[PDB]
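Data first, discussion second: the structure below is written as structure tokens.
Residue numbers (the numbering used here), protein chains in the order written: chain A, 30 to 79; chain B, 30 to 79.
Structural data, given as structure tokens:
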């Protein structure tokens, strides 16, 4: 596996044309404020191709 | 996507039978140390199924 290539899988809104998002903030997918820690319903925004 | 189910993708050694691993330390896959930060050759050990 080559896991050094990542893609943004979760975002609040769709991107504008020619816009990039290099921010690494934990995406809340529920109703729980989980303070930037991965776990239940808090996922990392970037996922590896592998 | 249901990303609440995760599996450990990276480990230094194989498991003994009936052994569990709940650690979340960053798997160093290169010469450079990771310092607990994801990036190039430093991966999170648990990956969601999707």
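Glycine is no exception: its CB is placed at the ideal position from the N, C-alpha and C atoms.
Check                                                                                                        : Outcome
Cβ contact check for the region 68–76 of chain B and the region 35–44 of chain B: 3 or more pairs under 8 Å  : yes
Cβ shell of residue 63 (chain B) (< 7 Å), same chain only, five flanking positions each side left out        : 55, 57 and 71
C-beta neighbour in chain B for residue 78 (chain A), strict 7 Å                                             : no
Three-state class that DSSP yields for residue 71 (chain A) in the structure shown                           : strand
Endpoints, the beta strand (DSSP E) within which residue 40 (chain B) is located                             : Here residue 40 (chain B) belongs to no beta strand (DSSP E), and DSSP marks it neither H nor E.
Residue-chain proximity (residue 47 (chain A), chain B), Cβ-Cβ < 7 Å                                         : no
Close beta carbons around residue 50 (chain B), own chain, < 7 Å, minus the five adjacent residues each side : 37, 40 and 44
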